[PDB]
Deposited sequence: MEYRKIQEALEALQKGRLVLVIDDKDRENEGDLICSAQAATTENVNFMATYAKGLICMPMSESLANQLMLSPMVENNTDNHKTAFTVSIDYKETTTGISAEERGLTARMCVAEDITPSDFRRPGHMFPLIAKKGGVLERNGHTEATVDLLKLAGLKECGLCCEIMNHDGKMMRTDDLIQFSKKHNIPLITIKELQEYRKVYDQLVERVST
C-alpha cells in the first residue's frame, strides 16, 4: 500500500516488462510498459488480456519532436504508424511503431498519420498535476530513468466492463506483474520528486 513496492514497478519497467497501474480507488487498471520494450509479445499480451485501447503516453517534448498536433485543434494526438509497417494493425507492427518513437533520432515523416497507435500527451507536472494513467506512465518511466514514452492499455473483465479492484489484484498475482496505485505514486513524488 502507501510504502513502498514503487521500486518493484520501476525495476519491472527497466527489465522490459509490464506494470499494472490501478487508479488508486474511485476503479480502473492499465497495463503499461516502456515504448523501448514494446515487443510483439508485450503488445499482444495487452491486446489479448487487457483489451481496452492500447495508447502511448509520452512527454510533450517527444510529441513535439514527432510533430504530433492534439487530435482536436485524455490528450490524444493524431494517431500514427511507423512508415515501414504495411497495415500497421498487428501486435507486431504496433510494437515496431512504438519502439520507432524512441529511436535516437527519427523524424516526423517516418510516421504516417492517421494510424494505429495513439499517443497521449502527459501534463508537465505528471500525476502531481493531473492524476491520470497517462501521467502515472510517464512519471514511472521517468523515475526508472527510461525515455518518457510508454504504452498503456485498460483491462476489461470477462464480460467487457472495466475490471475492478479485486479482479485486478487477482490478475496481477496470477501473471506476476507488479501492481501500483496512482495515490501511492503521488505520495511518493510529494516526498521524493516534487514540482
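Gaps between the deposited sequence and the modelled structure occur at positions 27-28, 76-82, 205-210.
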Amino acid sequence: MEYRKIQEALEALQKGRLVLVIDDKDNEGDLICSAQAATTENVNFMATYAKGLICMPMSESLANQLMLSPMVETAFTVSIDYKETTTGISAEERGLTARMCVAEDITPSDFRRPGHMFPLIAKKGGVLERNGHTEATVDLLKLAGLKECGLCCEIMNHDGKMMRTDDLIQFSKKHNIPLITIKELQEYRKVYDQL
From here on, numbers count along this sequence of modelled residues.
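Relative to one another, 75-83 and 98-106 have unequal mean CA B-factors, and 98-106 is the one with the higher figure. When the mean C-alpha temperature factors of 55-63 and 164-172 are read from the deposited coordinates, 164-172 comes out higher.
Set against one another, the Cα B-factors of 39, 34, 157, 134 in the record reach their highest point at 157. Residue-level temperature factors show residue 25 in the highest third of its chain, judged at the C-alpha atom. Remark: residue 13 belongs to the lowest third of its chain, ranked by C-alpha B-factor as recorded. Remark: residue 70 belongs to the highest third of its chain, ranked by C-alpha B-factor as recorded.
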